[PDB]
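A single chain comes next, written as structure tokens; it is the form deposited in one PDB entry.
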């Protein structure tokens, strides 16, 4: 639930109440364009940006109280065709204008409810080569390099980087291209507090936003409330939408003049950003932004292709080792024997230190394992767990009672044959020395200050109770075992009923 905005009457936003900021309703725009709201039926003007009078070059007595039919005679018929009543608010329409007072204008329109938002901005063979270059990258780190070079070339920005999210919403810079004699942010990881959750929800909907100037003063809308609904006007799909005042402070301390980002969306989920900085105030032309929007879409396809090629490659190293195992667990009638032979080796398939088997109603260990009573502690925890696969790199965090059992078991991968964890397998990876290079500060040191942090330098933190993280192609290998074992469970039942049959008869 969001707090009301400042103009209506709401509380002051700090680091504590961050999630509850109405970013999508600022009631203000960035001062390098003009904004008009009109009725989606009559064509009568309802709101103006305060700067619109001069930018379009007319007396505001005339603008307030006029039809879109009289202002844009060539466009108003064309506009009503493209955006019919009851259309998604993500749908946009663009056209170019020859306004004599200014010169050349680029008009961008979209519909929200019974309302039209109008955005005005001044305006005036490599993309084909770039598209073909992305499709012929070998791996993923190769694809991310081609992206950053290509974007820096077109835009002429100081720094361009590809920023990728983890499943816990802390991001990592995976590739970077910059000007010479500058700091390097590559490899650095960042907390889940820099990008709030409602902002992540927005960046899945609309796929581009920017800040032309970080030291700019915002321009209000008049009248401030939409008189149709007597409510604040939603500016989510508007590009001239003023930036959140909190984030503006952040870019000042990092010492940035201008920002831009394009969202990468894989299968209806936010995957990462392409984030650009410049040292000085800098305005990108609107016809160049369009090129960036195509590249965002091309990437969103090629991310899928390269990731699925990385897994298939890895899993072709473990081919014969997989195939002999799969044959041995498909004819097993006693798993406590066939899955314990060192001649098969289940420790090497997963590159694990130890293993805990559990079938029938007992348990048996291979390799390097915790002491005996501590095994029964671990298993007791797994029975409460929801799914059919539990995967962790740090065990001490998920389970604090087993934070002392790091030397043998820091890492864990567990699969449940059948359901309920009556029967399972558990691979164990030992403790490792870990050093994570945080860009700025650790997650605990992001909630101390009333505003953003000052330091953005390379920070080293020693993490304890961590292990070697699981390659995704190994998790895919495990889930294929989990199927074979659960599959041949039917034969096991079959037999025992026939045993039961005799012993009922006796």
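Positions refer to the first chain, counted from 1. By rigid core we mean the largest C-alpha set that fits within 1.5 Å across both forms.
Separately, the form deposited in another entry exists; it is not shown, and the next lines address it.
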Checklist entry - Given a rigid core superposition of the two forms, which one of 64, 41, 464, 471 has its CA shift by 2 angstroms or more between the shown form and the other one? => result 464
Checklist entry - Once you compare with this form, do the C-alpha atoms of residue 195 and residue 458 lie closer or farther in that other deposited form, given a change of 3 Å or more? => result closer
Next on the checklist: With a change of at least 3 Å, which way does the C-alpha separation between residue 457 and residue 216 go in that other deposited form: closer or farther?
Outcome noted: farther
